[PDB]
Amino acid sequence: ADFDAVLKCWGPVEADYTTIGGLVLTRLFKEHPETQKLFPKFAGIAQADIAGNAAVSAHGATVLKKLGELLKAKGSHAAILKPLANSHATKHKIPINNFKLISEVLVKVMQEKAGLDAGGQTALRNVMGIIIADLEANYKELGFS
């Protein structure tokens, strides 16, 4: 049910993955500047120059499309998340806590831009908690507990 609650507000997100993706990453980097350093392509870009940066927005679109794919999955969520865990632990070297930070940002962006109400905010926190716990379990399988 919590997946359906989020999907009932996903229209404005999927309508413009570039704009909303850029909003999410711009806010992440503003509120959590240490996360920007985990993207070598973006690390060191002055904060004032991030909102207008097309490459940042394009990467945010990649993130949100992957999250959409997960939400819409009629099969295993864990299966889609295994490659994501593998790349984020072993290629990008992203500590798990950073997924909680981007999930905090997404809840706020959907509250502000996608009509996600109080119950929807809780549903999205629950869904992101499922995703993050699966990423964390897969990190542990790789030796990154």
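The numbering used is simple: start at 1 and walk along the sequence shown.
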Comparing 34 to 42 with 72 to 80, the one whose average Cα B-factor in the PDB entry is higher: 72 to 80
Which third of the chain does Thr90 land in by C-alpha B-factor: lowest, middle or highest? lowest
Please place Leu7 in the lowest, middle or highest third of its chain according to the CA B-factor in the PDB entry. middle
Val13 - Cα temperature factor, lowest/middle/highest third of chain: middle
By the entry's values, the third containing the CA B factor of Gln47 is the middle
Looking at the temperature factor on the CA atom of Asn53, which third of the chain's modelled residues does it land in? middle
